[PDB]
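A short worksheet on the structure shown next.
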2 protein chains.
Amino acid sequence: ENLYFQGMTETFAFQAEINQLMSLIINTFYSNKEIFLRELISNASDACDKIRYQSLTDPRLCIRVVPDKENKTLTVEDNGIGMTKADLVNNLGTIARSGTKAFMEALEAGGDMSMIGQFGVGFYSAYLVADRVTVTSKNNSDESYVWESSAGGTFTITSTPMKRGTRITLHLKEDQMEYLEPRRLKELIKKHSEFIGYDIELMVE
Amino acid sequence: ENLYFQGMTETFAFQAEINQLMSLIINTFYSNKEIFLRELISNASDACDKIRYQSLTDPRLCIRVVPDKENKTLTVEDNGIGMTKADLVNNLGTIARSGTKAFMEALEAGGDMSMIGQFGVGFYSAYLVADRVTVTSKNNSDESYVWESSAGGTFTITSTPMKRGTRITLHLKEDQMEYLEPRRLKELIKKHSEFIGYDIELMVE
Ligand SMILES: CO[C@H]1/C=C\C=C(/C)C(=O)NC2=CC(=O)C(NCCCN(C)C)=C(C[C@@H](C)C[C@H](OC)[C@H](O)[C@@H](C)/C=C(\C)[C@@H]1OC(N)=O)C2=O
Ligand SMILES: CO[C@H]1/C=C\C=C(/C)C(=O)NC2=CC(=O)C(NCCCN(C)C)=C(C[C@@H](C)C[C@H](OC)[C@H](O)[C@@H](C)/C=C(\C)[C@@H]1OC(N)=O)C2=O
């Protein structure tokens, strides 16, 4: 409304069970943390599917894997449906999914971190290798927003005063620098690219 | 509205002339920067007057000077009328007062920084000795808010999810550490306390 208004950031606490899951993920040892990439690519593929199916009723859909050695970040990007402010607030922190508790119960009953996907909480596997995660998204029905969390009990929602889609940036943990290496990413992408219908472009830089 | 909502910060650009004045104040040499204290005490006294006069139609009103050697800050506090969010946004950055340009014109015509008070912009003299200023206020008609600026072209407005009044905290410049000394403050307060009707309490700490 104000001419001089530049932007806004809102802080939200995580729903109790989401907070527990994030602590369990970021501050607990697991043997194969590399499963995070399969989860992010799978989410990107689902976002591309949502807009592709919307086209039946109501451009090349693709997924990009962008390592950045200088800022020590790994980004998974898509030109899928995108998320509104409400989608980010409601589905990425404040409303508990049945899968949050159910995944923690499955791990407790001897399950594996690779099972995360069936519980609708696979996004949070990013915290196996990252100490901070940034979600920048644009849906056709809303302005673009930036979600951010360092798994400290809260997340932020910031305005951007972007083309349709989502960019997920992972600030990597000191000992998880192997996911910046092009050879390592090419291998990881090939390991599960067999069942992704969309093109997965690794940006060499 | 949301149960998990914690707080919000909004960024605003300064109105062009306010931005010019702040650059002129913070990044220009003046011989007697000590005039800032007289200005802050005078503003506090005016805020106490506004509520005292409101009492005629519709507690001890006093002013406190709080030095803090550890955080390198000087605070001027009052239990005056206080400011709403709108008061902070409109009168502390986005709406140009006629006094903004007129004070810069008076300095240009040979005026002195001590004249600032007659132009309704005396608050900005805080930047003669401070690199950052924080305004925390509570008015009876609104929740309490925090205004903040480092004279970088913008200011912030942050929610506090406080008793009626205002607290102005100055983060002092490296060479302006003399305004933390109790002896120096006692002198400065005495220099103009003759015309302030309210009690001025220096908190020794
Ligand atoms: C940031 O990553 C994603 C956002 C949340 C991710 C969460 C918490 C997670 O860990 N897993 C989920 C994976 C899903 O695939 C999925 N979709 C339903 C599939 C049915 N089963 C299989 C779940 C949901 C339900 C719900 C959140 C979906 C979304 O808001 C309604 C959007 O419709 C969807 C298009 C946005 C995304 C998939 C985001 O990815 C990108 N790149 O956009 C999940 O919960
Ligand atoms: C943060 O400090 C103050 C806020 C802004 C200060 C500005 C920009 C400044 O540099 N100088 C001003 C000094 C004034 O005295 C003054 N009041 C009218 C007196 C008539 N002439 C003499 C001006 C105004 C007009 C207007 C802003 C007033 C306020 O919003 C309507 C409130 O009524 C008032 C009670 C709040 C304060 C005085 C604040 O202090 C404390 N401690 O609360 C000034 O502009």
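In the structure tokens, chains take the letters A, B, ... in the order shown, each chain's residues start at 1, and ligands count up from 1 in the order shown.
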
Using only C-alpha atoms and all ligand atoms, tabulate the residues of chain B lying at most 8 Å from any atom of ligand 2, each with its closest atom pair and that distance in Å to one decimal, by chain and increasing residue number, as a tab-separated table.
residue	atom	partner	partner_atom_place_in_ligand_line	distance
B:39	CA	ligand 2	10 (O)	7.9
B:40	CA	ligand 2	42 (N)	6.7
B:41	CA	ligand 2	42 (N)	7.5
B:42	CA	ligand 2	15 (O)	6.9
B:43	CA	ligand 2	38 (C)	4.2
B:44	CA	ligand 2	42 (N)	3.7
B:45	CA	ligand 2	42 (N)	7.2
B:46	CA	ligand 2	15 (O)	5.0
B:47	CA	ligand 2	35 (C)	3.7
B:48	CA	ligand 2	35 (C)	7.4
B:49	CA	ligand 2	35 (C)	7.9
B:50	CA	ligand 2	35 (C)	5.9
B:76	CA	ligand 2	42 (N)	7.8
B:77	CA	ligand 2	42 (N)	7.0
B:78	CA	ligand 2	42 (N)	6.2
B:80	CA	ligand 2	43 (O)	6.4
B:81	CA	ligand 2	35 (C)	6.0
B:82	CA	ligand 2	43 (O)	5.4
B:83	CA	ligand 2	36 (C)	6.4
B:87	CA	ligand 2	30 (O)	5.5
B:88	CA	ligand 2	4 (C)	7.4
B:91	CA	ligand 2	27 (C)	5.0
B:92	CA	ligand 2	8 (C)	5.4
B:97	CA	ligand 2	45 (O)	7.8
B:117	CA	ligand 2	11 (N)	6.7
B:118	CA	ligand 2	22 (C)	6.5
B:119	CA	ligand 2	23 (C)	7.1
B:120	CA	ligand 2	11 (N)	3.8
B:121	CA	ligand 2	10 (O)	3.2
B:122	CA	ligand 2	10 (O)	3.8
B:123	CA	ligand 2	10 (O)	3.6
B:124	CA	ligand 2	10 (O)	5.9
B:135	CA	ligand 2	1 (C)	6.5
B:137	CA	ligand 2	43 (O)	7.6
B:165	CA	ligand 2	43 (O)	6.9
B:166	CA	ligand 2	43 (O)	5.4
B:167	CA	ligand 2	42 (N)	7.1
B:168	CA	ligand 2	1 (C)	7.0

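By chain and then residue number, the residues within 8 Å of residue 19 of chain A are residues 14, 15, 23, 151 and 153 of chain A, counting only C-alpha atoms and disregarding those fewer than 4 positions away in sequence.
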
Please identify all polymer residues within 7 Å of residue 18 of chain B, counting only C-alpha atoms, omitting same-chain residues fewer than 6 positions from it, and present them as an mmCIF file with N, CA, C and O atoms, in the first residue's frame.
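Contents of result.cif, as written:
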data_model
loop_
_atom_site.group_PDB
_atom_site.id
_atom_site.type_symbol
_atom_site.label_atom_id
_atom_site.label_comp_id
_atom_site.auth_asym_id
_atom_site.auth_seq_id
_atom_site.Cartn_x
_atom_site.Cartn_y
_atom_site.Cartn_z
ATOM 1 N N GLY B 93 9.882 8.505 8.865
ATOM 2 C CA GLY B 93 10.464 8.049 7.613
ATOM 3 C C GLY B 93 9.763 8.216 6.285
ATOM 4 O O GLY B 93 10.452 8.428 5.290
ATOM 5 N N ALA B 96 7.479 13.391 4.222
ATOM 6 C CA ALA B 96 8.385 14.535 4.380
ATOM 7 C C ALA B 96 7.724 15.678 5.123
ATOM 8 O O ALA B 96 6.612 16.101 4.793
ATOM 9 N N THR B 100 12.372 19.208 6.933
ATOM 10 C CA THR B 100 13.474 18.395 6.419
ATOM 11 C C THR B 100 14.333 19.229 5.457
ATOM 12 O O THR B 100 15.521 19.421 5.713
#

What are the residues of chain A that have an atom within 7 Å of an atom of chain B, counting only C-alpha atoms, as a PyMOL selection string?
chain A and resi 4-14+94

Write the residues of the preceding selection, restricted to N, CA, C and O atoms, as a compact mmCIF listing (two decimals), in the first residue's frame.
# COMPACT_ATOMS: atom_id res chain seq x y z
N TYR A 4 6.86 3.55 -0.36
CA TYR A 4 8.19 3.33 0.19
C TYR A 4 8.36 1.94 0.77
O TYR A 4 9.48 1.55 1.07
N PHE A 5 7.26 1.17 0.88
CA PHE A 5 7.28 -0.21 1.36
C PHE A 5 8.17 -1.04 0.45
O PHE A 5 8.07 -0.94 -0.78
N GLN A 6 9.12 -1.79 1.04
CA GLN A 6 10.12 -2.57 0.31
C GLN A 6 9.87 -4.05 0.39
O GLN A 6 9.97 -4.75 -0.61
N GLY A 7 9.56 -4.53 1.58
CA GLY A 7 9.32 -5.94 1.79
C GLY A 7 8.92 -6.27 3.20
O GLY A 7 8.86 -5.39 4.07
N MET A 8 8.65 -7.54 3.44
CA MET A 8 8.22 -8.03 4.73
C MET A 8 8.69 -9.46 4.96
O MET A 8 8.72 -10.26 4.02
N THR A 9 9.06 -9.77 6.21
CA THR A 9 9.43 -11.11 6.66
C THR A 9 8.56 -11.45 7.87
O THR A 9 8.43 -10.64 8.77
N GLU A 10 7.96 -12.63 7.88
CA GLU A 10 7.15 -13.12 9.00
C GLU A 10 7.83 -14.35 9.57
O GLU A 10 8.34 -15.15 8.79
N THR A 11 7.88 -14.47 10.90
CA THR A 11 8.44 -15.63 11.58
C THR A 11 7.29 -16.46 12.16
O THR A 11 6.35 -15.91 12.75
N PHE A 12 7.37 -17.78 11.97
CA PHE A 12 6.39 -18.75 12.45
C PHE A 12 7.11 -19.85 13.19
O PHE A 12 8.19 -20.25 12.78
N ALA A 13 6.51 -20.37 14.27
CA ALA A 13 7.06 -21.53 14.96
C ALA A 13 6.60 -22.77 14.17
O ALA A 13 5.58 -22.72 13.49
N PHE A 14 7.36 -23.86 14.24
CA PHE A 14 6.91 -25.07 13.56
C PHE A 14 5.87 -25.74 14.41
O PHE A 14 5.90 -25.59 15.63
N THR A 94 3.21 -25.20 9.53
CA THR A 94 2.21 -24.96 10.59
C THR A 94 1.13 -26.02 10.75
O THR A 94 0.51 -26.09 11.81

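Within the 10 Å cut-off around residue 84 of chain A, using only C-alpha atoms and omitting residues fewer than 6 positions from it on the same chain, the listed residues are residues 90, 137, 138, 139, 140, 141, 142, 143, 144 and 145 of chain A.
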
Would you mind exporting N, CA and C atoms of the selected residues as a short mmCIF file (atom, residue, chain, number, x, y, z; two decimals), in the first residue's frame?
data_model
loop_
_atom_site.label_atom_id
_atom_site.label_comp_id
_atom_site.auth_asym_id
_atom_site.auth_seq_id
_atom_site.Cartn_x
_atom_site.Cartn_y
_atom_site.Cartn_z
N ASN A 90 1.11 -23.26 5.31
CA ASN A 90 0.32 -24.40 5.72
C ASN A 90 0.98 -25.75 5.51
N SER A 137 9.48 -19.78 -4.37
CA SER A 137 8.45 -20.32 -5.24
C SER A 137 7.55 -19.26 -5.82
N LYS A 138 6.96 -19.58 -6.97
CA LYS A 138 6.04 -18.73 -7.69
C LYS A 138 4.94 -19.59 -8.28
N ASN A 139 3.72 -19.33 -7.84
CA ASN A 139 2.50 -19.96 -8.33
C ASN A 139 1.79 -18.87 -9.17
N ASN A 140 1.01 -19.25 -10.20
CA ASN A 140 0.28 -18.29 -11.04
C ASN A 140 -0.75 -17.45 -10.26
N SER A 141 -1.27 -17.97 -9.13
CA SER A 141 -2.30 -17.31 -8.32
C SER A 141 -1.76 -16.33 -7.26
N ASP A 142 -0.43 -16.21 -7.11
CA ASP A 142 0.14 -15.36 -6.05
C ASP A 142 1.49 -14.76 -6.45
N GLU A 143 2.02 -13.84 -5.63
CA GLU A 143 3.35 -13.24 -5.81
C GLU A 143 4.38 -14.30 -5.34
N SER A 144 5.67 -14.09 -5.62
CA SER A 144 6.67 -15.07 -5.22
C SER A 144 7.13 -14.83 -3.78
N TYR A 145 7.34 -15.90 -3.04
CA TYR A 145 7.76 -15.83 -1.64
C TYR A 145 8.98 -16.68 -1.37
#
